[PDB]
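Text of the file query_10.cif, holding mmCIF, C-alpha atoms:
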data_run
#
loop_
_atom_site.label_atom_id
_atom_site.label_comp_id
_atom_site.auth_asym_id
_atom_site.auth_seq_id
_atom_site.Cartn_x
_atom_site.Cartn_y
_atom_site.Cartn_z
CA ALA A 8 104.72 120.71 129.14
CA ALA A 9 105.32 118.85 125.93
CA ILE A 10 104.86 121.44 123.25
CA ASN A 11 102.19 120.97 120.53
CA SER A 12 104.64 118.65 118.80
CA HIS A 13 103.06 115.71 120.73
CA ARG A 14 99.78 116.70 119.11
CA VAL A 15 101.49 116.78 115.77
CA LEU A 16 103.24 113.50 116.32
CA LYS A 17 100.13 111.53 117.25
CA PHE A 18 97.92 113.31 114.68
CA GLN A 19 100.44 112.87 111.88
CA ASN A 20 100.85 109.21 112.78
CA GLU A 21 97.09 108.99 112.31
CA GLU A 22 97.18 110.92 109.03
CA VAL A 23 99.89 108.53 107.79
CA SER A 24 97.69 105.58 108.73
CA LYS A 25 94.65 107.06 106.91
CA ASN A 26 96.69 107.83 103.86
CA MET A 27 97.71 104.14 103.73
CA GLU A 28 94.10 102.96 104.04
CA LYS A 29 93.15 104.84 100.90
CA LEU A 30 96.19 103.94 98.79
CA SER A 31 96.01 100.17 99.36
CA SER A 32 92.34 99.95 98.34
CA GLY A 33 92.81 102.42 95.46
CA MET A 34 90.08 104.51 97.04
CA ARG A 35 89.11 107.87 98.48
CA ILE A 36 86.55 105.83 100.28
CA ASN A 37 87.48 102.59 101.99
CA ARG A 38 84.96 103.15 104.75
CA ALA A 39 81.83 105.20 105.57
CA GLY A 40 84.37 106.97 107.79
CA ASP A 41 86.07 108.38 104.68
CA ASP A 42 82.75 109.31 103.09
CA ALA A 43 79.56 107.74 104.31
CA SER A 44 77.52 109.06 101.38
CA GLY A 45 80.07 108.32 98.70
CA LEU A 46 79.89 104.82 100.07
CA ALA A 47 76.10 104.66 100.24
CA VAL A 48 76.00 105.86 96.66
CA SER A 49 78.67 103.40 95.52
CA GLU A 50 76.76 100.58 97.20
CA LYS A 51 73.76 101.63 95.14
CA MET A 52 76.04 101.80 92.13
CA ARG A 53 77.25 98.30 92.89
CA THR A 54 73.72 96.95 92.74
CA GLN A 55 73.37 98.86 89.48
CA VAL A 56 76.71 97.54 88.10
CA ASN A 57 76.16 93.95 89.15
CA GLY A 58 72.40 94.19 88.74
CA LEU A 59 72.82 95.39 85.17
CA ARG A 60 75.32 92.70 84.25
CA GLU B 220 65.60 64.39 57.33
CA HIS B 221 63.19 67.24 57.96
CA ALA B 222 63.26 66.38 61.66
CA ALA B 223 67.04 66.50 61.66
CA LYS B 224 67.02 70.08 60.38
CA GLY B 225 64.65 71.05 63.18
CA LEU B 226 66.81 69.31 65.77
CA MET B 227 69.95 70.96 64.32
CA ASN B 228 68.48 74.45 64.72
CA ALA B 229 67.50 73.72 68.30
CA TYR B 230 71.00 72.24 68.79
CA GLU B 231 72.87 75.33 67.64
CA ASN B 232 70.60 77.53 69.73
CA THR B 233 70.93 75.34 72.80
CA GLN B 234 74.72 75.42 72.42
CA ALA B 235 74.50 79.22 72.27
CA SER B 236 72.54 78.92 75.53
CA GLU B 237 75.39 77.07 77.29
CA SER B 238 77.93 79.62 76.05
CA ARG B 239 75.68 82.53 77.04
CA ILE B 240 75.12 81.08 80.50
CA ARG B 241 78.69 79.92 81.15
CA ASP B 242 81.30 81.53 78.82
CA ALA B 243 82.75 84.88 79.93
CA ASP B 244 84.11 87.72 77.78
CA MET B 245 87.81 87.26 78.34
CA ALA B 246 88.53 90.90 77.58
CA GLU B 247 86.56 92.25 80.52
CA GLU B 248 87.59 89.59 82.95
CA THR B 249 91.20 90.40 82.01
CA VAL B 250 90.48 94.09 82.78
CA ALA B 251 89.23 93.01 86.22
CA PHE B 252 92.47 91.08 86.79
CA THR B 253 94.58 94.08 85.99
CA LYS B 254 92.67 96.30 88.42
CA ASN B 255 92.74 93.65 91.15
CA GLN B 256 96.48 92.85 90.73
CA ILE B 257 97.32 96.55 91.06
CA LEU B 258 95.24 96.73 94.21
CA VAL B 259 97.16 93.72 95.63
CA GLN B 260 100.45 95.44 94.89
CA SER B 261 99.21 98.71 96.44
CA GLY B 262 98.21 96.72 99.55
CA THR B 263 101.68 95.30 99.98
CA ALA B 264 103.34 98.73 99.60
CA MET B 265 101.04 100.52 102.02
CA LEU B 266 101.46 97.92 104.73
CA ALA B 267 105.23 98.36 104.37
CA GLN B 268 104.69 102.11 104.97
CA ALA B 269 102.04 101.54 107.68
CA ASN B 270 104.67 99.53 109.54
CA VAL B 271 106.74 102.69 109.79
CA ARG B 272 104.14 104.77 111.67
CA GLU C 220 89.22 58.57 83.25
CA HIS C 221 86.05 59.78 84.95
CA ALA C 222 87.42 58.45 88.22
CA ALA C 223 90.61 60.40 87.68
CA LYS C 224 88.64 63.64 87.38
CA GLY C 225 86.92 62.88 90.69
CA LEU C 226 90.23 62.04 92.36
CA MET C 227 91.81 65.23 90.91
CA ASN C 228 89.06 67.41 92.37
CA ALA C 229 89.43 65.81 95.77
CA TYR C 230 93.23 66.20 95.41
CA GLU C 231 93.14 69.92 94.71
CA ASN C 232 90.66 70.46 97.52
CA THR C 233 92.65 68.37 99.97
CA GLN C 234 95.81 70.35 99.15
CA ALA C 235 93.88 73.60 99.66
CA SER C 236 92.77 72.09 102.98
CA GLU C 237 96.39 71.49 104.08
CA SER C 238 97.32 75.06 103.15
CA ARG C 239 94.29 76.45 105.00
CA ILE C 240 95.05 74.36 108.07
CA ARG C 241 98.82 74.93 108.14
CA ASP C 242 99.97 77.89 105.95
CA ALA C 243 99.98 81.33 107.59
CA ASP C 244 99.40 84.72 105.97
CA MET C 245 102.91 86.10 105.97
CA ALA C 246 101.65 89.67 105.89
CA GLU C 247 99.97 89.43 109.28
CA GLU C 248 102.69 87.40 110.86
CA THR C 249 105.13 90.07 109.65
CA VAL C 250 102.97 92.73 111.39
CA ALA C 251 103.22 90.65 114.59
CA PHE C 252 107.00 90.42 114.15
CA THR C 253 107.38 94.15 113.94
CA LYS C 254 105.21 94.74 117.02
CA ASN C 255 107.15 92.14 119.01
CA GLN C 256 110.60 93.40 117.87
CA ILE C 257 109.71 96.95 118.95
CA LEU C 258 108.62 95.68 122.34
CA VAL C 259 111.99 93.86 122.69
CA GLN C 260 113.82 97.08 121.97
CA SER C 261 111.61 99.04 124.38
CA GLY C 262 112.32 96.39 127.05
CA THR C 263 116.07 96.75 126.74
CA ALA C 264 115.85 100.57 126.88
CA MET C 265 113.69 100.65 129.99
CA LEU C 266 116.01 98.31 131.86
CA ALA C 267 118.83 100.73 131.01
CA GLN C 268 116.72 103.49 132.63
CA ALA C 269 115.55 101.24 135.50
CA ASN C 270 119.23 100.74 136.34
CA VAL C 271 119.45 104.46 137.06
CA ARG C 272 116.73 104.58 139.74
#

Let's see the structure in the file written out as structure tokens.
Amino acid sequence: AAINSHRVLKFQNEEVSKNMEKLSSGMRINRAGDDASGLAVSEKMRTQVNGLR
Amino acid sequence: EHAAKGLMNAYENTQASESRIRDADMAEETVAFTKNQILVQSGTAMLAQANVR
Amino acid sequence: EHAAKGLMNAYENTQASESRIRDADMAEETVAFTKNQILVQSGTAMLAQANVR
């Protein structure tokens, strides 16, 4: 059978993709999928940042 | 002449109103530019790497 | 001179219209290029293998 390397290959292709998602946006969190609560908090912070201005 | 002084005070204050409503602080908007330009550049680079996947 | 300002606004907007109607986002078309080029290469390789059958 293909050895675990086909796990590694697909999984690492996915880790490469996720790494790019973060780097282009400048963020740990681009989606709720990176951190749903970090996001929910930042959305609250956004109303505070924009709300305050 | 009294009336003119009254009108002049309202004038200066009304002009402050237009500036306060419309005129931005160039320093902070410039900061925003710098962040956003970096994020554009990061975008370009990560798509180049995403293409490799 | 007022009329010129009106004409200038319409001008800028019309030129933005042409760009929005005709000008593509090179980043996404480049993504499409890469996908299609890979599929060309895959095509050639599988015919080489199909020849073996």

inquiry  = Can you spell out as a VMD selection string the set of residues that the PyMOL selection byres ((chain A and resi 28) around 12) selects in the structure I just provided?
reply    = (chain A and resid 21 to 27 29 to 38 40 to 41) or (chain B and resid 258 261 to 266 268 to 269)

Store the residues of this selection in a file with C-alpha atoms, as a PDB file, in the frame of the given file.
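Below is the file that was written, selection29.pdb:
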ATOM      1  CA  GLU A  21      97.090 108.990 112.310  1.00  0.00           C
ATOM      2  CA  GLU A  22      97.180 110.920 109.030  1.00  0.00           C
ATOM      3  CA  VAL A  23      99.890 108.530 107.790  1.00  0.00           C
ATOM      4  CA  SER A  24      97.690 105.580 108.730  1.00  0.00           C
ATOM      5  CA  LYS A  25      94.650 107.060 106.910  1.00  0.00           C
ATOM      6  CA  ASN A  26      96.690 107.830 103.860  1.00  0.00           C
ATOM      7  CA  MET A  27      97.710 104.140 103.730  1.00  0.00           C
ATOM      8  CA  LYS A  29      93.150 104.840 100.900  1.00  0.00           C
ATOM      9  CA  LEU A  30      96.190 103.940  98.790  1.00  0.00           C
ATOM     10  CA  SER A  31      96.010 100.170  99.360  1.00  0.00           C
ATOM     11  CA  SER A  32      92.340  99.950  98.340  1.00  0.00           C
ATOM     12  CA  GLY A  33      92.810 102.420  95.460  1.00  0.00           C
ATOM     13  CA  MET A  34      90.080 104.510  97.040  1.00  0.00           C
ATOM     14  CA  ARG A  35      89.110 107.870  98.480  1.00  0.00           C
ATOM     15  CA  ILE A  36      86.550 105.830 100.280  1.00  0.00           C
ATOM     16  CA  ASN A  37      87.480 102.590 101.990  1.00  0.00           C
ATOM     17  CA  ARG A  38      84.960 103.150 104.750  1.00  0.00           C
ATOM     18  CA  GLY A  40      84.370 106.970 107.790  1.00  0.00           C
ATOM     19  CA  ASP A  41      86.070 108.380 104.680  1.00  0.00           C
TER      20      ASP A  41
ATOM     21  CA  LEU B 258      95.240  96.730  94.210  1.00  0.00           C
ATOM     22  CA  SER B 261      99.210  98.710  96.440  1.00  0.00           C
ATOM     23  CA  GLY B 262      98.210  96.720  99.550  1.00  0.00           C
ATOM     24  CA  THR B 263     101.680  95.300  99.980  1.00  0.00           C
ATOM     25  CA  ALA B 264     103.340  98.730  99.600  1.00  0.00           C
ATOM     26  CA  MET B 265     101.040 100.520 102.020  1.00  0.00           C
ATOM     27  CA  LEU B 266     101.460  97.920 104.730  1.00  0.00           C
ATOM     28  CA  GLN B 268     104.690 102.110 104.970  1.00  0.00           C
ATOM     29  CA  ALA B 269     102.040 101.540 107.680  1.00  0.00           C
TER      30      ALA B 269
END

Contact set, chain C to chain B: 10 Å, all atoms listed in the file, as a VMD selection string = chain C and resid 246 to 247 249 to 250 253 to 254

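If you look at CA of residue 231 (chain B) and CA of residue 245 (chain B), they are 21.9 Å away from each other.
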
query = Between CA of residue 233 (chain B) and CA of residue 60 (chain A), what is the distance, to one decimal in Å?
reply = 21.3 Å

query = Quick one, how far is CA of residue 49 (chain A) from CA of residue 255 (chain B)?
reply = 17.7 Å
